[PDB]
Amino acid sequence: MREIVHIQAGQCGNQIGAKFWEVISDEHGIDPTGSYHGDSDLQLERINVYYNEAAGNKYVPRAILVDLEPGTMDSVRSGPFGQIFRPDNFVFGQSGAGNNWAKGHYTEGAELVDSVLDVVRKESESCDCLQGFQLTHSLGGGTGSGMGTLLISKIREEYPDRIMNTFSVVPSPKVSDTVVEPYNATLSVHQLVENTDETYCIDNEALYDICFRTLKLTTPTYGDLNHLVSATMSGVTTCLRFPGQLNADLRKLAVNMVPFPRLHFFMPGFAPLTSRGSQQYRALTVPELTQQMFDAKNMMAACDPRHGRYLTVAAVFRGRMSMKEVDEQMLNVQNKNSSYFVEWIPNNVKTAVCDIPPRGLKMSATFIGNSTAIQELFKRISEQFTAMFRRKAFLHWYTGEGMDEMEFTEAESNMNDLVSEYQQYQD
Amino acid sequence: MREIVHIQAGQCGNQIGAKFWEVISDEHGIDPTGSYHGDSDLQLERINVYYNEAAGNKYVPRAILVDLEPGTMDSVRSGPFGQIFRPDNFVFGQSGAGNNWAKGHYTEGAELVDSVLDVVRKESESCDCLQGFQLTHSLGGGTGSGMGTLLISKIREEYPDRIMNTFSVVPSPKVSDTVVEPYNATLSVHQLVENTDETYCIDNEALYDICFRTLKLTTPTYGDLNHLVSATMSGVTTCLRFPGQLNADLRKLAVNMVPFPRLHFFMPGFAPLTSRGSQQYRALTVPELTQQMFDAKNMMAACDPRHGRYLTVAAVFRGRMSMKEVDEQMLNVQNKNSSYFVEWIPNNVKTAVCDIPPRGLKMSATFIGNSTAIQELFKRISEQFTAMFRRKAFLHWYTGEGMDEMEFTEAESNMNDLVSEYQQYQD
Amino acid sequence: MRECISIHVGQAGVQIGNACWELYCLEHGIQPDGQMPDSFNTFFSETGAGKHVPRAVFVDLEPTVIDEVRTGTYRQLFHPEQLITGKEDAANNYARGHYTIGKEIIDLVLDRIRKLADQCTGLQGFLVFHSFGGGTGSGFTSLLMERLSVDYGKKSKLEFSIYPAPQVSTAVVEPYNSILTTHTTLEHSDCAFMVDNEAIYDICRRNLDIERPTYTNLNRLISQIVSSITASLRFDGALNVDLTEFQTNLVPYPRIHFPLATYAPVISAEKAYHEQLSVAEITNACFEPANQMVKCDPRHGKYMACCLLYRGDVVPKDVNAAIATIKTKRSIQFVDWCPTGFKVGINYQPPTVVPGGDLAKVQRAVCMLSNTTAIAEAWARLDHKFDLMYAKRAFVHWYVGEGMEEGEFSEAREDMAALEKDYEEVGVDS
Amino acid sequence: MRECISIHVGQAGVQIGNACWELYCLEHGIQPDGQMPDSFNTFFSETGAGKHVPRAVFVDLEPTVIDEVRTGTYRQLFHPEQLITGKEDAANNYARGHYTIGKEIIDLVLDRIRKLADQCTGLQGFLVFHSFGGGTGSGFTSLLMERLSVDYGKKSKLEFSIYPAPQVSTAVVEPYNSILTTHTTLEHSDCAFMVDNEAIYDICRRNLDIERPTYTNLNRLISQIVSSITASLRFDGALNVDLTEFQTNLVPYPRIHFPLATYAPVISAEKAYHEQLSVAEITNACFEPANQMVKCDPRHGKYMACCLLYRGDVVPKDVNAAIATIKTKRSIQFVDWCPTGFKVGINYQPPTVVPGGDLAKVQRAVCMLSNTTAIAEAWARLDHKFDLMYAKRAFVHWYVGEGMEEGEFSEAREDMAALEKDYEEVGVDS
Ligand SMILES: Nc1nc2c(ncn2[C@@H]2O[C@H](COP(=O)(O)CP(=O)(O)OP(=O)(O)O)[C@@H](O)[C@H]2O)c(=O)[nH]1
Ligand SMILES: Nc1nc2c(ncn2[C@@H]2O[C@H](COP(=O)(O)CP(=O)(O)OP(=O)(O)O)[C@@H](O)[C@H]2O)c(=O)[nH]1
Ligand SMILES: Nc1nc2c(ncn2[C@@H]2O[C@H](COP(=O)(O)OP(=O)(O)OP(=O)(O)O)[C@@H](O)[C@H]2O)c(=O)[nH]1
Ligand SMILES: Nc1nc2c(ncn2[C@@H]2O[C@H](COP(=O)(O)OP(=O)(O)OP(=O)(O)O)[C@@H](O)[C@H]2O)c(=O)[nH]1
Ligand SMILES: [Mg+2]
Ligand SMILES: [Mg+2]
Ligand SMILES: [Mg+2]
Ligand SMILES: [Mg+2]
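Order-wise, the sequence lines are chains A, B, C and D. Numbering of the first sequence is given in this note's numbering, commencing with residue 1 and proceeding in unit increments. Numbering of the second sequence is given in this note's numbering, commencing with residue 428 and proceeding in unit increments. Numbering of the third sequence is given in this note's numbering, commencing with residue 855 and proceeding in unit increments. Numbering of the fourth sequence is given in this note's numbering, commencing with residue 1285 and proceeding in unit increments.
Here you go:
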């Protein structure tokens, strides 16, 4: 009954993935050994969405861990919760991809990918009715980006009628940790445009801003950043995992949020978010959550929503709440902020409510916005790509892996077209 | 239901503000943690006028604390009651304004103010029906004066239909602590004339006189002075906070006290005021309070009311009192002192009564007088400004912040016009 | 944040600086090894654990004075790279300081300063200590000030200067150096506190009952003034004055940035017991010519602005009273274009006293910084001195030898003449 | 797996290698007898029980330098067959190294290398240590590199080279050797880190307060750089850089594979206590010309890519901040065809320090590897030097005697001219 298959590719994908798994096990009352020690029957009712049931009262993540480097795998296995994963679901190379999309997509990744495909087929067979796939990775490196994209293509070919979701961490110029990021992002974005049904644009810069400005966190770590992403991930699939008053799964969300096939790039947000000191001076109420969610400072993509228009927003609420209140607050936001919503889609907001709140909170919210302002993110990347490509800088490496210049030209064109399309509907 | 939004700008504004908050929390039975520990249901009935209700039986001041220096903020936070304030409501710079109105109004303050605006918008949104704003500050410095004025302008632009009240501590030549005071006051007064609906003229000199002469206080501190101001502030909004026999809020007071738009500069007074030794030799009665209030020695502005005429007086009484007695005493004062009241406004006195007296007293009174004698205060300031401006002394600093001489000329003209207008109605 | 960077140039600058750093250490409870068993951060960077380092650079063109610091009691306080020394001094020659010898060391010192400044997150500005008379104190400082002005621009620079005496002059060529440095001081300094050794000596003998006051006595006193200026940044009280604030209040015109500093009370342990040193009294004592740090007559000048910086057990009301009293005193006249000439600061911390010092411990002290036309008299005497020597071109050849041109001297003199004239003008009533 | 094979050629190569192996041993807790009372496998093979052997080959054409190793402290660390020695040296003659003397020993060394490589299951590549100036370091290494390139092909080769100084040159014929080796270095090496002894000496005197630094001081420092490069393979942290990764990031065009290495902080025990060596500070210090390992001016060149390799108590956020700060510094210019020129590595292990070493123990260190056009200046001076001597055919006869042809010299010079031109081209903006 509606199983999701999880895939983690490259370092970032793996680490975020681990965080996701940790949170989800806690949510469903699963301990580091795979045993259920929860309180409520609701925690086990839909356990099969994310876990396969093994012999002797144990649950195992329907998760595939992929990397061209074994170090990441080792790190995962040695982590808290590392032992819950199926040993046969770790699919690793020995070499690494050296921040080269071509190595990940055409060479080393190509050699690797068949094993992964074999694993995922088995995982699909195991599930009674697989609704689809969730891939966590980055676009800026070689494995997550090149290998990940390749894997996606393969998956879609075999499961063309299933939902294909990605949580993609994009490279920003402020927090620019690598040189060839523009290339890798450009190449991967193109592929994503044709083969994913919904893509959550996660930005490290935005995460840092959230941590520093909102969470008041003097020294955020990648772990802290990852936590935010994990929360968001949990939010989307809450309706699949628990009961509720109004329920929307992955498909329902897509249908309401994607009016044209290409426009499936979301700016996610999560509410509430408070400092430890500033927690006592707040109201645990729906109007507050709503206020938080639509704010630009709470979006996980480095784009100002006020620089574009919202095509659609999907809001997913967790906790015991008044439907009327939710409906009023959502109508208020669209009436007051009329100018930030496209006028040819009346009621730009879709609402879903799950009765089970996350742990530690009485209420929570997850926001998925499809904004034309996401073009900013793509534009910057394009610019950076151009800056390098005009001089054919670092191209030789890519060509050594069998790539041609023409592919670069194509990808760039494609991305530009996508950008244009978004602009068109923005008006 | 009729929320007031409080703003504190610069050192003086902050400190007086703190005092105000302390008194008000005591009045409404709120302790240093934000928890209600009062006795009467009347203390909580209208708690929402000044406090937002947070989670877990706590109340938080609808207060914004603003300064170009963080030291003031630190001092506030470390004070008794410092922890009641919302951490996100402290909006502070790092540099300071160096007693320069231009830095506060055009430069540093400009950079600062948007954060403040963001905060106050949120604070407005939170309140169900905001009746308006109360700003505490001084006119003689840089932050409170320049930044404060700027903030006022911004506020009025966004809330043109709301009541705009200031408690403005004016520079006196006796207690002249700074050199450029005349400039800062002149520039700010002008701005106040166009954008505030009512302005309480608080004078340090007068406060000192009260403390020394009336309270018999050998060594008054700024705290003691501040207390007086706080009392006055509390007095004005008693009708919004408690029940009563005849009730007048901020609007009702303004409408009765301001016959022409520009003439909204009040000389406040508070009664009773006694020494510790001289407390036992007095009568707790309405005639005594009345006697005290209309006396020149009990006005908080350094102006002799006998040097002008009263356009209007508003008297706000707190405690269980006979309406007849109040009416007789107010008629007596106007009949006996006929020559100090303008003859073309019959019944120059407006009365309001709140049944709840302040703590420690069975009865109290707050006096708001609109006297043409306030021109004295402006005239002195003008003279001092002239003395400096004639030689262009210290102008270079202001011009370094982008200011032109012409602005000075304008401000001076404006103030002179105001003075003339007051004289006109004095006759 | 709110850091201040101290630069100590030449012998005089070094020696004053030593005293200053002794005083700061005592004030913040920092031991001579940098350990402290907060506000101290205005003067000190903090490293790792149990170490505080002065935000200071010490420069001399000769090694001798700095070498003492290296060998001495506070050797662990400063890191070696902040104590900068050449090989040969400027030999009382401005030219050698500014050009011939100074051009070899200036870049290095600037680099170090930049490194120091990069470590500070809220730089208020610079405190520059140097003599007017020495070749390094004049020539080098002038050069340094230019460079700092270029690199940093709108940062406030405050210079504490040992201006030469009318009578008690130790070198022959002092007037030349003084004139030359003044020219540059005008354009690149935001506020300059001139100080006169003779005046300090008189104070030590008359007020402290010291038969034989030496430089160590002067320096200690001088440091106190600096402490009063910076106490508003290093502590907090009822009424506060930042440096920018101070500048705004005290400086009416860009060129007129020469306030006279005076400190009160300066008393002996035994003499103080009998005296009832009230706020009013000390304030009154501030405006008396005998307690001045520069030899000159305020009675013959007019006040344009005074900053009064109180510290210790002081309340506003009594300060106000004192100010009122001062207003009513006919012998203290203020210019007509300043209806109120008082900026007032009040800080809670009483002045701390150096063990083995000449000054007694008091509950309250005050530092008055006042811009009076009377200081122009000093310039007049110095100018006169310059003019005699220049009449004969005495010693001029030396300066020329080191690359200076005769025209520069004339230019400098002209500049000072213009300045004196400006000072005269502001004085007169309308 | 992930092994790296080290080859140490000639005196310089041997001596650097000694230091390196001392450092590695200390880092992995391996005693000088091979016993260790995991990641060390990147540098060591393991045999039987309580024995670890360096993945290294030491070669010299003369016995003297290697003989020291055999007699000395680490005699048990290496097996005898990995220390290869001929009888007669190349006598500062490239020809003797590459042809006459080198042809007798090259096969043997290759065989041993092959044996060594067969024992490794995940070969990352080779680290080759040698001088540019010596007959063995130039001629032999060149030959060896060719053979390795042939046999192994697509394996990464990284060469650490003691490039000759502008002033401080120890042999007369250095420019000839340097020019000749460079030609071959171009085609057969994937990345080359040039280093200059003069620069190291300056660093030792200025930053470490050492009056008289000897080769042992240089070598130790050099080893640290190598450790930083290979720490990403020998440990693990938050952000990791493999060799291939490094190459991808740092090398924009095949021929432009000459990054300059710089290490920070290099400080004394006493001098470091006072300094607050933050991430921002050390990063800033990296981009300063005074701390460079090659004598040349980056201010006159443009950056194409920099790898920053941090180690110890470091978090990403502050590295990012540092990078941002660097971006805003006008004096550090990057070419327009590189919108982000920063590859960043962060490793958890602080730098370990050799007992009796010149460097103080720090919580954090950084190794910056930056490809700047400024290095071309070194080549220009070397070329100039070459051109003078060749004008007179000075010493040429010797080379000819050992089988070299005159045409080779000209060819080599041409190649270097072409390379300099290429470097110029990449520099210019569009
Ligand atoms: N939000 C997070 N961002 C991360 C995390 N780890 C890495 N990153 C970011 O992602 C980029 C580096 O990507 P990766 O390590 O995932 C490259 P990958 O291992 O997939 O392929 P290779 O090219 O083979 O290394 C860069 O922007 C990092 O700063 C993480 O845990 N959270
Ligand atoms: N009645 C009171 N008057 C005060 C108080 N604090 C300061 N003042 C008076 O106000 C004037 C100094 O004003 P401020 O410290 O508020 C100047 P502000 O901090 O707003 O701007 P800056 O110029 O940036 O310092 C002066 O007349 C003081 O004597 C107070 O607590 N009560
Ligand atoms: N108040 C005070 N004055 C000093 C001190 N040391 C020197 N002076 C005065 O400074 C002037 C002499 O200048 P120095 O500072 O010794 O000379 P310098 O700056 O080192 O210049 P050169 O030695 O010529 O390179 C004279 O007026 C001295 O009286 C001191 O410790 N305190
Ligand atoms: N940094 C450093 N440089 C060295 C060392 N030993 C020698 N050199 C430099 O290396 C160059 C001389 O080359 P060597 O390596 O001694 O000569 P070789 O490779 O043994 O060649 P031949 O003896 O001619 O066969 C000169 O530039 C020396 O300064 C060392 O231990 N450290
Ligand atoms: Mg990786
Ligand atoms: Mg202030
Ligand atoms: Mg000297
Ligand atoms: Mg040799």
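Using N, Cα and C, we set each Cβ at its ideal position, and we do this for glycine too.
Looking at ligand 2, does it come within less than 8 Å of C:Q1021, judged from the CB to the closest heavy atom? no
Please determine if the stretch 1500-1516 of chain D and the stretch 1634-1654 of chain D are in contact, where contact requires at least 3 C-beta pairs separated by less than 8 Å. yes
Cα-Cα, which of D:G1687, D:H1467, D:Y1594 and D:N1501 is closest to D:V1638? D:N1501
With a threshold of 8 Å, are at least 3 pairs of Cβ atoms found where one atom belongs to the stretch 482-496 of chain B and the other to the stretch 519-536 of chain B? yes
Assuming C:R1218 is part of the beta strand (DSSP E), what are its boundary residues? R1218 to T1226
So what does A:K58 bridge to, in DSSP terms? A:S35 and A:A54
Determine, using beta carbons only, whether A:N256 and A:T312 come nearer to each other than 9 Å. yes
Range covered by the beta strand (DSSP E) that runs through C:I870: Counting along the chain, C:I870 falls outside any beta strand (DSSP E), though it belongs to the alpha helix (DSSP H) covering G864 to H882.
Which residues in the same chain as B:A658 place their Cβ atom closer than 6 Å to its Cβ, once the five residues preceding and following it in sequence are excluded? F697
Taking only beta carbons into account, state which residues of the stretch 95-118 of chain A come closer than 9 Å to chain D, listed in chain order. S95, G96, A97, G98, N99, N100 and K103
Out of curiosity, what's the CA-to-CA distance linking C:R929 and C:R909? 15 Å
Give the interface partners of A:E181 over in chain D, defined as CB-CB distance under 8 Å, in chain order. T1624
Along the chain, where does the alpha helix (DSSP H) containing A:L240 start, and where does it finish? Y222 to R241
In the structure shown, what three-state DSSP assignment does C:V913 receive? strand
Can you grab the Cα-Cα spacing for the pair C:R1060 / D:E1554, in whole Å? 47 Å
I'd like to know whether the C-beta atoms of C:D1044 and C:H1111 end up nearer to each other than 9 Å. yes
Secondary structure of D:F1626, DSSP reduced to three states: strand
For D:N1376, the nearest candidate out of D:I1289, D:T1468 and D:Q1295 (CA to CA): D:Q1295
Give a yes or no on whether the C-beta atoms belonging to B:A524 and B:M574 are separated by under 9 Å. yes
Considering only heavy atoms of ligand 5, does any lie closer than 8 Å to the CB of A:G140? no
Under 7 Å by beta carbon: chain A residues contacting D:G1406: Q94
Is C:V919 close to ligand 7? I mean its beta-carbon at under 8 Å from any heavy atom of the ligand. yes
Taking Cβ-Cβ distances shorter than 8 Å, what residues in chain B pair up with C:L1093? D604
Could you check whether the stretch 677-695 of chain B touches the stretch 619-631 of chain B, counting it as contact only if at least three pairs of C-beta atoms, one from each stretch, sit closer than 8 Å? yes
For B:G509 and B:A481, believed in contact at Cβ under 8 Å, the rounded distance: The pair is not a contact, with the Cβ atoms about 16 Å apart (cut-off 8 Å).
Short CB-CB distance (under 9 Å) between C:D961 and chain D: no
For chain D, find out if any of its Cβ atoms is closer than 9 Å to the Cβ of C:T901; answer yes or no. yes
Comparing the CB of D:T1384 with every heavy atom of ligand 8, is any distance shorter than 8 Å? no
Pull up the distance between the alpha-carbon of B:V540 and that of C:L1097, whole angstroms please. 24 Å
Please report the residue range of the beta strand (DSSP E) in which residue 1242 of chain D lies. What the structure shows of chain D is the stretch from 1285 to 1714, and residue 1242 of chain D is not part of that stretch, so it cannot be assessed.
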